[PDB]
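For reference, the structure discussed in these notes is given below.
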Amino acid sequence: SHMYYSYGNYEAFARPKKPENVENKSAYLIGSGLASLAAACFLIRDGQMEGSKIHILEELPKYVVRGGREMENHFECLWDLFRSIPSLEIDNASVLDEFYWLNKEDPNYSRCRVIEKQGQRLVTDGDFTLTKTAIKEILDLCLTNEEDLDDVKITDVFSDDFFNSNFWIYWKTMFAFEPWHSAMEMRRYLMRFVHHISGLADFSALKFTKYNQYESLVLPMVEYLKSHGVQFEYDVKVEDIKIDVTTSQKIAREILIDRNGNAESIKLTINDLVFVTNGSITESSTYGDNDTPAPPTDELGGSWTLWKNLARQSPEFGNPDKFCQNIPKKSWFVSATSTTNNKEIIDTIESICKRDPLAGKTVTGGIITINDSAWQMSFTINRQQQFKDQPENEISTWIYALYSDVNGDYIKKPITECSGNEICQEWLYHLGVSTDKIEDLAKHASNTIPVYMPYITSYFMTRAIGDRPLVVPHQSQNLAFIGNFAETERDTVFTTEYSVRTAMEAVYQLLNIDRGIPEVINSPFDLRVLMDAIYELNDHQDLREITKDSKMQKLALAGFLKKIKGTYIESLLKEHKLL
Amino acid sequence: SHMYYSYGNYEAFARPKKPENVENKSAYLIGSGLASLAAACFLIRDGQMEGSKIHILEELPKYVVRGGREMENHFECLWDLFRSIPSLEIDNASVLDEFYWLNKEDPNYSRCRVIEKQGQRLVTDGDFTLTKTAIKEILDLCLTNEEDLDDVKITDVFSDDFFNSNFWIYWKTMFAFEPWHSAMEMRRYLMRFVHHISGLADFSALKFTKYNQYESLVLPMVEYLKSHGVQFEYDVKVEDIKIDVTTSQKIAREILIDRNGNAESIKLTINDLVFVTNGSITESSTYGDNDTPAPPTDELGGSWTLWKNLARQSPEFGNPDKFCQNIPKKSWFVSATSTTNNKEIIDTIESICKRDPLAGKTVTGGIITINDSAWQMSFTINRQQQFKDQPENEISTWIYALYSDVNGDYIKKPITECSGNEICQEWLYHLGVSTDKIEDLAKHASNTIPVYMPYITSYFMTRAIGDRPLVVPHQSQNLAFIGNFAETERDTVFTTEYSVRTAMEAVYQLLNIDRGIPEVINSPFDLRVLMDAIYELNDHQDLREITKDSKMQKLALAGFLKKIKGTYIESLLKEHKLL
Amino acid sequence: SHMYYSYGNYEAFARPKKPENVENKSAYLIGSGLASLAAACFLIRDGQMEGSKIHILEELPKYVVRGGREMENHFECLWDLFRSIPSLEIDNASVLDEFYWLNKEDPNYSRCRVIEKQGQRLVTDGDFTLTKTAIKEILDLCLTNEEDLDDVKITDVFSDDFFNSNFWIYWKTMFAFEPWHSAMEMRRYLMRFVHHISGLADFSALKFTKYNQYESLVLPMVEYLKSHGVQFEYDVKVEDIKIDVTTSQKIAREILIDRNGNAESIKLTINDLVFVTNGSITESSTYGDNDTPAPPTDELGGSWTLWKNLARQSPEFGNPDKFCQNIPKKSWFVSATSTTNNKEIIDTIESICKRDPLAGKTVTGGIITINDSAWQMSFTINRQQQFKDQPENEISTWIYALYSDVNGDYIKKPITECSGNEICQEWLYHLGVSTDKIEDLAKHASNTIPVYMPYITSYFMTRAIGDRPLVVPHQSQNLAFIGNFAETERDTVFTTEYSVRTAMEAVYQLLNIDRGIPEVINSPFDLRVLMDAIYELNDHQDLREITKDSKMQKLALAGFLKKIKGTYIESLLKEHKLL
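Residue numbers (the deposited numbering), protein chains in the order written: chain A, -1 to 60, 75 to 591; chain B, -1 to 60, 75 to 591; chain D, -1 to 60, 75 to 591.
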């Protein structure tokens, strides 16, 4: 009870007092990821901790696109943070100001979503094509308690009708689900993005940065932190943190680090806070080129080794083996990015996405799903250029495939065995380019850089409660867990919001900052949102059309409309066009 | 349209673009009320209009408490405004920053709410004592459409069971309802403060400023506006504004003013905005003293004359005669404020409110309702001192009475005929002070200043749709109506929020500022809020105890719990202690 | 939480670590009572706080017995404290060592308990004479929840049969109950002393000090504290403690004291602990002599004024007016002590108590109840001499009367109007002394000093939960409430155990000392104890004799003995002579 959830404008603009004894506190932060830098910015801003007392420990010494960085308006903790962060492109404005102004003048929306048979758009695009049984299973999943879904796969809760629907095609590609993933984590997405079901197929509710998130989010935060004098230590490899787990309290006592190849230790008091980003989804990422495949691997890196060393000291520090071990070989492993300036590939893209890729505006609106591909290939093109020095005549696309062990259509090899051009070979095949000019474009007019992330589907692995540590574990004094693998309430992993939210909850609990953490948006608990979900899920159908065939449901519906005739409920029903 | 409602932290911290053609636009603002000054601050901040283009027109040239200034956290538009306003008491903080910090180190709560029999606390205090029929009428009021409630009184929808409840005692005094008031405006309060029902009896949900709202709100806004060079014109008596109504658009052409007794005119273009505060509840306020009663009056002031002049120019500018005429004589007219340093008056209050009035903290927590009084007297004491130069040994209390034509208990005269001491005579009588030393305490040990507001109940008068003009009327170009008498969506009059909201909606619609106006909070459409309301309305009773007597409700409930056994709904029911 | 209850020898002999940050902490203790000095000893011993950081604030500058100080073996927190306290009589031993050795060589037991008709022992002595309905009401009281007994009087739960029993005669005189006292506090005594029901009439389970508790308990603790350098401030009158009760935490900020007549202030940090003994039962005690009555009064003293000042700052600091106000005039107010060396009074005492009063051993074993007296007079004689300078030929007895407003039998005056001799006049009347030589013995051969405690029955006043503050209130940082008026779990007020227990709980919670506080003994939860209670309450009767008349209870009993025949339960039944 060191924190409380709040919402509205009262706690949003309120600044908290400087919490007690902060001037004698220090903070050690492992990693320089999004969650780590977010916690460093909260300590400077809300904790009012001076910059010399904050230490950032980074592994590394002092064109690839990491796609999937969808954002929406209700990332409450992200915009709380990216308010005081000054931007690096325009003056006298924040990172939110650029993000707000850019997404209001160029709204993001996709005029094409799913293509099949080598170029043709899907005929049932836009519709969800969910059967009544399929919608029933969606409601049953949402109505099951989270504690009852321990180690439950997606296939354990859904049937054949749901997976054959266009809803699952949109769902499995936006968020990169697999059928063997966590039902808890899918249930969280259903509750979190229930207010965006209308803007699900066409990506109207998605918001994107001007560039990649490294330069749009991380670099502004790095510059903000360095302006406050935050100490950055480089070439520091953290082996483990000595935790003494007593019957009454847990303190991080000492951190064993490898500073520039020299193994030595930093001592800790109860005042010296430690923020741990347990796990990493980009760890041990091998790279390739247009000529050679990215070599597969499963070597555990520093972030996973740190969690495995911490998990031994206490059972409520989590089970990293539920995520980093026994990842199915069919799962998403290989992502590719392709940079080209060839005109007829762009024209082939323009024939599908109905927009000019070199225009400097929204190009694809999001991702394009190849339905007929055995790889389940999906590709996206963001607002070109995504990079500062990228020439204005070049576009950069991002290609990933969900299934990995299956042979492709144009190339009878798995994605893990395909080189950079061979990924671009099949990508041009499913765009409708003929089988004659396809080979020389990928090999000579295109440059494709594959990357093999072995842990890119870790956060969606089937888990039980307690497999992920709490953001601040029970009875903990200076140890906090942040990042996508730290357990918090009702929020959803693999979002930039979740890493920032866990950063905010950790700083607020450890420092006892008296300000409400903005809760996850109350979309599932809103009558208006739930009424829009019912209308959208059964393909824009009124209550009379939903129950037009079943006699029992129509009878209860007929009685219900008698009891609400000429009432405020009926006006709600009409104005959400459910009548 | 010209505006859109929004919620969340995305549109809260986002600064909008400078709208087009602003540097060629000017604004003329009638009055210096809260709504007028808020509109001037929004034009400076969100419209980025230079201060020389904004004119404030004030009637007046250049201890009394105007109570009823309840504030709660979900005044979304108010905290949006009082964010950039710097405070005048502490440095490097806003008005909200003081407001947040002062209501966290001294929370508001009432240790006594209703007293009767000359001092003793009401035995059923805290309980609502609502029957099932009474709660049914509460929900039926909420479930009727606002269009079907035109010119509908409170007594037209409620029965004797509701009026005999402790809920109605709390409700009629917090907001100063009368039984002959608008059912629309009561229905809006029920939906607006449905999330504060748990903190309704003890005032735990209310928030207060350090001083009176003139010095805590208006003076910080005045100093903010003066630092930006906003021009204040005094001695300006506005007769009418020339409005030409075409079939396509309406433009404020010319304003007729009486500048320091000199009748003259100011020209207007379409770029020159006009903000009219139609009507005023403090208009034609006669004052009394400790010896003479406040002289009753029914004289229309400048604001009501200005609205009556405008209403003849167009049918959709509203009907001011529905509010400023035919106010019943039993309605609230007289308010009194009593300043004393006498010990046994203070000690009598200390025995009732259970707190030290001179401590500088919460004293009464809000109002104290005298249940047995014929006047329906209710008095409040805020954080003393409420004024700057007031000596530290004095308290200043605020007394008002709802009924006005009935003789009091200690004094057999109506409140309209009682002098300052005579109001203090009966107030001390209902505090339990002995009726022998009561005379010289009011006459010599206390100073009471009555004030007669003839229009303090105008906003609650029974009305139809269109009786209040829209904030920006349909097809209007530079004319906007602000204040408590402008019609907006789902929000509640006689709050500081409503005047600020109508100020924001006017500035944003006229200037086409492309930023989401924060909507009224979605408490009535929230499942969690509604479930807490059901628990609190019938006095902390589970579903089984609510339906323990009716067989029809019991039978349907038993079949309902079988259908939600072991689901997320049942977890929602139990965590809100309804199950 | 911050403390945990434990029992057994593991946590008894275990010493805890020095808790963190103690060397920067200080403690201010109001009063020099038993609870205050006990908390000072726990800070020195268990908290390992150095003596210079502990301040004792005593109001006072630098032949009366305050009897009723019964002790028993299961005062777990008292013997935990009086282990390290060295004694002042014998060398190389503790206070417990003297108490243990003295109460095992001279066991306490009473050969006479109740006398009536001026000298004759009661014929039904030893027996309880409880009816089956009367025992049923005892079980019903014990089986009601404590939360369901708010403001419940003794007469509200018991009937005529219970008060006519000899059990109520023993109960009302040992603990000084009145019929208008708290049913919660009686229920606690029934559960606490359920294992001493056998030793109830004859006082076999009671233990007594060699002298009064001032030199048996307080002076050894004072000498122990002064040996550690504890700072004693004298002539310090505490008016109030400035508490700021925020929404998240409560800190004692500043204490307003009157040091030697000079009103000044001592500042506090969060580290400076404050221990408040709210209320006092010996406060405003007026004294008398042999010739004039002790003057009645009800003037609130310093300890009650401090609680009343603290109760205003927060509602969970208690309601002192439930205890110090509206004490019924029939309640116990006057206690008298009589010192004499006249031989025939001693012989009359010896004829009743069957033991030599000058022997230096147990004299009365406890108290003697006058059943026929309208005053309900009870008198006791402890191990003479109770005082060091008291001559060896003198005995000192202690007389108190429960009813106060009723005229006595020998003297038709209330006890409040009787002088010292007049109390001794009626005391000799009920001892059987002739009505002729009675007058000159009290007036000339005896010296009786009355004392009027107006608040001696405060702790038994009817209360609700929350009327007494928690030992450490919720969300409190350096403020703790100790003494008989602080609320703790399952323990019983007006015992030396309770004041020491609340001292231990306060020190352990505030300092976070990691050692189990010994729980209140588990006698009500023990099968063996409950079986002995059933045997003793119905006057040493087997199960067959208990239900030998009721056919319904015999039927269930007959089937019960068939199910447990030849089992361990039957052996338990036989060895506790219930079967």
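Think of the CB as a built atom: it goes at the ideal place given N, C-alpha and C, for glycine as much as any other residue.
Item to complete: Report the residue from B:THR349, B:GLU429 and B:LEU55 whose alpha carbon sits nearest the alpha carbon of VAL242 of chain B.
Response: Position 230 of the second sequence, counting from 1, holds the residue named residue 242 of chain B. For the residues B:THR349, B:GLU429 and B:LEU55, the minimum Cα distance to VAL242 of chain B belongs to B:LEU55.
Worksheet item: Can a CB atom of chain D be found closer than 9 Å to the CB of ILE255 of chain A?
Response: Within the first sequence, residue 255 of chain A is the residue found at index 243, counting from 1. It does not; no Cβ of chain D falls within 9 Å.
Item to complete: Would you mind working out which of B:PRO462, B:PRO340 and B:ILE558 sits nearest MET473 of chain B, comparing C-alpha positions?
Response: Looking up residue 473 of chain B in the second sequence gives position 461. Checked all of B:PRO462, B:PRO340 and B:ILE558; the closest Cα to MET473 of chain B is B:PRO340.
Worksheet item: Just to confirm, are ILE127 of chain D and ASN383 of chain D a CB contact at a threshold of 9 Å?
Response: The residue labelled residue 127 of chain D in the question sits at position 115 within the third sequence. The residue labelled residue 383 of chain D in the question sits at position 371 within the third sequence. Going by C-beta atoms, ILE127 of chain D is nearer than 9 Å to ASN383 of chain D.
Worksheet entry | Beta-carbon proximity list for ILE267 of chain B, same chain, < 6 Å, skipping 5 on both sides | On the second sequence, residue 267 of chain B is found 255 positions in, with the first residue counted as 1. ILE253 and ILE278, listed in sequence order.
Worksheet item: What beta strand (DSSP E) runs, 3 residues minimum, are completely inside the stretch 467 to 551 of chain D?
Response: 491 to 494
Practice prompt. At 3 residues or longer, and completely inside the stretch 240 to 300 of chain D: list those beta strand (DSSP E) runs for me, N to C.
Written response: 243 to 245, 248 to 257, 262 to 271, 274 to 279 and 284 to 289
Worksheet item: Can you find a CB in chain B that lies within less than 9 Å of the CB of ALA264 of chain D?
Response: Numbered from its first residue, the third sequence carries residue 264 of chain D at position 252. Taking Cβ atoms only, chain B never reaches closer than 9 Å to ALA264 of chain D, which makes this a no.
Practice prompt. Please classify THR304 of chain D: is it buried, with 16 or more other beta-carbons within 10 angstroms of its beta-carbon, or exposed?
Written response: Position 292 of the third sequence, counted from the first residue, corresponds to residue 304 of chain D. Answer is exposed; the Cβ neighbour count stays below 16.
Worksheet item: Name the DSSP bridge partner or partners of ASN459 of chain B?
Response: Working through the second sequence from its first residue, we reach residue 459 of chain B at position 447. In DSSP, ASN459 of chain B forms a bridge with B:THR351.
Worksheet item: Skipping 5 residues on each side, what residues in its chain have a beta carbon closer than 6 Å to that of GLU582 of chain D?
Response: For the purposes of this step, residue 582 of chain D is identified with residue 570 of the third sequence, where counting begins at 1. These residues qualify, in order along the chain: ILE576.
Fill in: Cβ contact check for the stretch 201 to 213 of chain B and the stretch 375 to 392 of chain B: 3 or more pairs under 8 Å
no
Worksheet item: If we ignore side chains and look at the alpha-carbon of each, how far apart do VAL230 of chain A and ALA515 of chain A end up?
Response: As a first step, residue 230 of chain A must be located in the first sequence, where it is residue number 218. As a first step, residue 515 of chain A must be located in the first sequence, where it is residue number 503. So the alpha carbons of these two residues sit roughly 14 Å apart.
Item to complete: Would you mind sorting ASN19 of chain B into buried or exposed? The rule is 16 or more other CB atoms within 10 Å of its CB.
Response: Taking the second sequence and counting its residues from 1, the one referred to as residue 19 of chain B is at position 21. Flag for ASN19 of chain B reads exposed.
Worksheet item: Identify the residues that DSSP records as bridge partners of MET83 of chain D: which are they?
Response: Stepping through the third sequence from its first residue, residue 83 of chain D is reached at position 71. In DSSP, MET83 of chain D forms a bridge with D:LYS219.
Worksheet item: Pairing CB atoms from the stretch 111 to 119 of chain A with CB atoms from the stretch 171 to 191 of chain A, are three or more of them under 8 Å?
Response: no
Item to complete: Report the rounded CA-to-CA distance for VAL169 of chain D versus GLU197 of chain D, giving the unit in angstroms.
Response: Here the question's residue 169 of chain D lines up with position 157 in the third sequence. Here the question's residue 197 of chain D lines up with position 185 in the third sequence. The straight-line gap from Cα to Cα measures roughly 13 Å.
Worksheet item: Any idea what DSSP makes of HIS208 of chain A, helix, strand or coil?
Response: As a working note, residue 208 of chain A is residue 196 in the first sequence. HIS208 of chain A falls in the helix class under three-state DSSP.
Worksheet item: What residues match up with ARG133 of chain B in a beta bridge as DSSP calls it?
Response: What you label residue 133 of chain B is simply residue 121 of the second sequence in a count that begins at 1. In the DSSP output, where bridge partners are listed per residue, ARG133 of chain B has B:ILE127.
Discussion item. Below 8 Å on the Cβ atoms is my contact criterion, and I expect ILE364 of chain B with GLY131 of chain B to pass it. Report the Cβ-Cβ distance as a whole number of Å.
Written reply: Stepping through the second sequence from its first residue, residue 364 of chain B is reached at position 352. Stepping through the second sequence from its first residue, residue 131 of chain B is reached at position 119. That pair is a contact at about 7 Å.
Worksheet item: Just how far apart, CA to CA, sit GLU9 of chain B and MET83 of chain A?
Response: For this step, residue 9 of chain B is matched to residue 11 along the second sequence. For this step, residue 83 of chain A is matched to residue 71 along the first sequence. If I take the Cα positions, the gap works out to 14 Å.
Fill in: Nearest-angstrom Cα separation, counted from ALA146 of chain B out to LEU153 of chain B
Here residue 153 of chain B corresponds to residue number 141 of the second sequence, with the count starting at 1. Here residue 146 of chain B corresponds to residue number 134 of the second sequence, with the count starting at 1. When rounded, the distance between both Cα atoms is 11 Å.
Worksheet entry | Whole-Å CB distance - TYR422 of chain D paired with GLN388 of chain D, under 8 Å assumed | Translated into the one-based positions of the third sequence, residue 422 of chain D becomes position 410. Translated into the one-based positions of the third sequence, residue 388 of chain D becomes position 376. At roughly 14 Å, the Cβ-Cβ gap does not stay under 8 Å, so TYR422 of chain D and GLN388 of chain D are not in contact.
Discussion item. Please tell me whether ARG367 of chain B has its Cβ less than 9 Å away from any Cβ of chain D.
Written reply: Within the second sequence, residue 367 of chain B is the residue found at index 355, counting from 1. It does: the Cβ of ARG367 of chain B has a partner Cβ on chain D nearer than 9 Å.
Discussion item. Three or more C-beta pairs under 8 Å: does that hold for the stretch 453 to 473 of chain B against the stretch 331 to 347 of chain B?
Written reply: yes
Discussion item. Can you confirm whether the stretch 38 to 52 of chain A touches the stretch 234 to 248 of chain A when touching is taken to mean that 3 or more C-beta pairs between the two stretches lie within less than 8 Å?
Written reply: yes
Discussion item. Tell me whether the stretch 534 to 543 of chain B and the stretch 522 to 542 of chain A touch, counting them as touching only if at least three CB pairs, one residue from each stretch, are closer than 8 Å.
Written reply: yes
Worksheet item: Where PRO14 of chain D and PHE215 of chain D are concerned, what is the direct C-alpha to C-alpha distance, given to the nearest angstrom?
Response: Within the third sequence, residue 14 of chain D is the residue found at index 16, counting from 1. Within the third sequence, residue 215 of chain D is the residue found at index 203, counting from 1. Spanning the two alpha carbons is a distance of roughly 37 Å.
Worksheet item: What number of angstroms, rounded off, separates the C-alpha of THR141 of chain B from the C-alpha of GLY300 of chain D?
Response: The count along the second sequence starts at 1 and reaches residue 141 of chain B at position 129. The count along the third sequence starts at 1 and reaches residue 300 of chain D at position 288. Near 54 Å, if we compare the C-alpha coordinates of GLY300 of chain D and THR141 of chain B.
Worksheet item: Can you list, in chain order, the residues of the stretch 470 to 493 of chain A whose Cβ is nearer than 8 Å to any Cβ on chain D?
Response: none
Practice prompt. Using alpha carbons as the reference points, say which of D:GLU88, D:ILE102 and D:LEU93 lies closest to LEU32 of chain D.
Written response: Within the third sequence, numbered from 1, the residue matching residue 32 of chain D stands at position 34. Residue D:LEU93 is the option with its Cα nearest to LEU32 of chain D.
Worksheet entry | Residues, ordered as in the chain, of the stretch 10 to 25 of chain B that lie near chain A by beta-carbon distance below 9 Å | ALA10, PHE11, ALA12, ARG13, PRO14 and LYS15
Practice prompt. For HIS486 of chain D, count neighbouring C-beta atoms within 10 Å of its own C-beta (all shown protein chains included) and say buried if the count is 16 or more, exposed if not.
Written response: Mapped onto the third sequence, residue 486 of chain D falls at position 474. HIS486 of chain D is exposed by the Cβ-count criterion.
Item to complete: Within its chain, find whatever has a CB closer than 8 Å to the CB of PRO59 of chain A; leave out the 5 residues flanking it on each side and keep chain order.
Response: Counting from 1 along the first sequence, the entry for residue 59 of chain A is found at position 61. Excluding positions up to five away in sequence, the list reads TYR246 and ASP247.
Worksheet item: Beta-carbon of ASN524 of chain D versus every beta-carbon of chain A: anything under 9 Å?
Response: Looking up residue 524 of chain D in the third sequence gives position 512. For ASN524 of chain D, the answer is yes, since a Cβ of chain A falls inside 9 Å of its Cβ.
Fill in: Close-in-space but distant-in-sequence residues of the same chain around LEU370 of chain A (CB under 8 Å, 5 per side omitted)
Taking the first sequence and counting its residues from 1, one reaches residue 370 of chain A at position 358. Cβ within range, chain order: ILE358, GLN396, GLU404, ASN405 and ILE407.
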